[PDB]
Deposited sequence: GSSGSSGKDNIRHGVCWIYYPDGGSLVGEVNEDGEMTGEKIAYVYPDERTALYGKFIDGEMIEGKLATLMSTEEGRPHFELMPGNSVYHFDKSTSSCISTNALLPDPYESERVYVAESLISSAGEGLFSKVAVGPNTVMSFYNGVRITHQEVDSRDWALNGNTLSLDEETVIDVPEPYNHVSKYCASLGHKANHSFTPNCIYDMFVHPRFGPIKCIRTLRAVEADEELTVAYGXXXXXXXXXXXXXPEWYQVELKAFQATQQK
């Protein structure tokens, strides 16, 4: 009857008063990120973000949230990608992600850029979002493997991709999950995420506590889709660690 909270398994949530029809519709609805603190507050229709302004969940009293707007004019809307359009605002960063990760040269030799944590956080922490264009498994599997570096399977029907030129931060920085390099001793995994802006995508989630400026890596693996040695090299070394 009063305030409804809808939690997703990823730890994010929708919160506000429902309308006469029991829908999350109004001007005082919020999406709350998995930190249970960073929030997008404002106009939602049936749970879908029309105009969310950056906010902080300051306190909750008997399930009733108290939000304060952040300074400035950061505004967001449900903006699900398509087969060809990655975003209506490719250069508008995600504010939760901006506080937790950054891109820099990978510490892995000859591995291009990598993703690094800004913060010390514990296990199972959502750090970053893997948004991209949505394409079929047929398109990915039927093309040259060298076009599939940024592909990540979403579900039975869809593969997410971050194709050129969006693989460059100067062209696309709305999410950064695609900047995480591979490792066989990763500190992170890809995981399902339901994002108020990007819709259903995947996220990067730590497997264990990480330190500030630690590089974030994920096991990509185990044969690449479509149609490398750096994989083969580390695979062997990883194997050796298991025996005399």
Could you give the ranges of the deposited sequence that carry no C-alpha coordinates?
1-12, 234-235, 242-246
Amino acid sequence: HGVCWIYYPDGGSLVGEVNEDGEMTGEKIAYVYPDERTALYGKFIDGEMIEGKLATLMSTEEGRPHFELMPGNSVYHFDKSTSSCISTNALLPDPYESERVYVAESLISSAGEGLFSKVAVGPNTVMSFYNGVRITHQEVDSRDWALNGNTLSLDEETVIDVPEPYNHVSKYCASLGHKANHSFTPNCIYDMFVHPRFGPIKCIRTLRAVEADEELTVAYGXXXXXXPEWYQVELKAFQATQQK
From here on, numbers count along this sequence of modelled residues.
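We call the rigid core the largest set of C-alpha positions that still match within 1.5 Å between the two forms.
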Higher Cα RMS in 6 other deposited structures of this protein relative to the shown form (core alignment), 141-149 or 90-98, goes to 141-149
Stretch 203-211 versus stretch 60-68: after rigid core alignment, which one is farther off in C-alpha RMS in 6 other deposited structures of this protein?
60-68
